[PDB]
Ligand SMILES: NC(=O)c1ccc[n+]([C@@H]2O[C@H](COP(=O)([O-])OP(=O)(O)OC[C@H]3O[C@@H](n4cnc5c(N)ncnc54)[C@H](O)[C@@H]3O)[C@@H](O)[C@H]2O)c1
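Shown here is one chain on its own, the form deposited without this ligand, set out as structure tokens.
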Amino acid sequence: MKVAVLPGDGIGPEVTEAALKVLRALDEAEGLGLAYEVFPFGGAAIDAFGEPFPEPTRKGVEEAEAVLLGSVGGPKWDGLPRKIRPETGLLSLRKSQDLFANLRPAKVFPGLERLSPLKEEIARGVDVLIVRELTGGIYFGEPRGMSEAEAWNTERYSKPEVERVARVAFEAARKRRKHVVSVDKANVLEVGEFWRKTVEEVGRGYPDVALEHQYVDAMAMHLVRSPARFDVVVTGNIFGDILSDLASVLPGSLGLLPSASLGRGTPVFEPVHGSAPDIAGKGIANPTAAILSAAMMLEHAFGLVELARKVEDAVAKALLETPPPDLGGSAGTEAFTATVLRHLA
């Protein structure tokens, strides 16, 4: 299990250690054969190499089976030239690995329905995985341009692009509840038609997975009204953005949202929360996302689905017994991780 650990800035190092504590334990039990090395990345990397994504790291992730990222960025490095901005390190990582699918789970752990904006009958059971396309669509399609009279942008999609992301969606589904729902606007847009069409074809290869189609506007409604009825959701770029964020407000807290990016190269797992520099070092940083990103790494990168669950359950019960400050608690980073490890046994 070769893991490249890029802790990053702010609280990154704090929560990453917490995730590593859980992994080191699981290894001391199941005998996974872990083998990690931490690398400088983002702001940290900048202050030592003058670049957010140095070569020793670029090579380190190039030879690791998976990369566990912490946070990146901080008011200090935020105003530099785009070429060396800490955010640019992430783009360069993604690009170098051809990571085209971005996975974002939203789950209302049994017991924390209180935190959800939704009523408790509707939040109870939410566990949706939003798979989005990261490298195409209106966001990158040309032409694009402006004037004083008009502006324009082109949403373009090609077969290979839709097939790739469609496959990660069906594969992901295979490990979950076997239901996929492709989102598009086939009723009005050519690209919608093209998307629906290509997904269907790809769906043929996974006849054991329940496929469904939903227009983006009709889907925006269901996520609020009845999110619990969904498993995997797969959609194009910009719609992936809108649906991911709409899905993220369901659980009720940024600190319990892991994330992942799969593609041709080394997969990247990392929390969705920011660096939170002004709380960095004080301890008290919520490690739920990082630990859950690790859970995701086990499930996806190494396909140990069963262990990923064991971890999630442990952090599930952990959030109820010793809620970290964010959830109105005291359990700091170190204490909380401990309570996870207790249940992990």
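The first residue of the sequence shown is number 1, and the count goes up from there.
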Given 256-264 and 80-88, the range whose Cα B-factors average higher in the PDB entry:
80-88
Higher of the two mean Cα B-factors (213-221, 156-164; per PDB record) comes from 156-164
Can you tell me which of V232, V199, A186, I238 has the highest Cα temperature factor in the record?
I238
Which of these, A331, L327, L20, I11, has its C-alpha atom at the highest B-factor, as the entry lists it?
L327
Can you tell me whether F53 has a C-alpha B-factor in the lowest, middle or highest third compared with the other modelled residues of the same chain?
lowest
Entry-reported C-alpha B-factor of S116 relative to its chain, by third, is middle
Which third of the chain does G303 land in by C-alpha B-factor: lowest, middle or highest?
middle
Based on the entry's values, in what third of the chain does the Cα temperature factor of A345 lie: lowest, middle or highest?
highest
Mind checking which third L32 falls in for C-alpha B-factor across the chain?
highest
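The following text describes the form deposited with this ligand bound, which does not appear among the structures shown.
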Consider the chain as shown here, without its partner, and state which of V38, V305, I279, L34 has a heavy atom within 4.5 Å of this ligand in the deposited complex.
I279
To verify the annotation, which of these, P251, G263, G255, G137, has a non-hydrogen atom within 4.5 Å of this ligand in the deposited complex?
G255
Can you tell me if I11 lies within 4.5 angstroms of this ligand in the deposited complex, counting non-hydrogen atoms only?
yes
Does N286 reach this ligand in the deposited complex if we count a contact as any heavy atom within 4.5 Å?
yes
Closest heavy atom of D326 to this ligand in the deposited complex, within 4.5 Å or not?
yes
Taking 4.5 angstroms as the cut-off for heavy atoms, does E142 touch this ligand in the deposited complex?
no
Only one of 167-175, 113-121, 153-161, 68-76 has heavy atoms within 4.5 Å of this ligand in the deposited complex; I'd like to know which.
68-76
Where does the chain hinge between this form and the one not shown? Of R85, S182, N102, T266, I only need the one at the boundary between the rigid parts.
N102
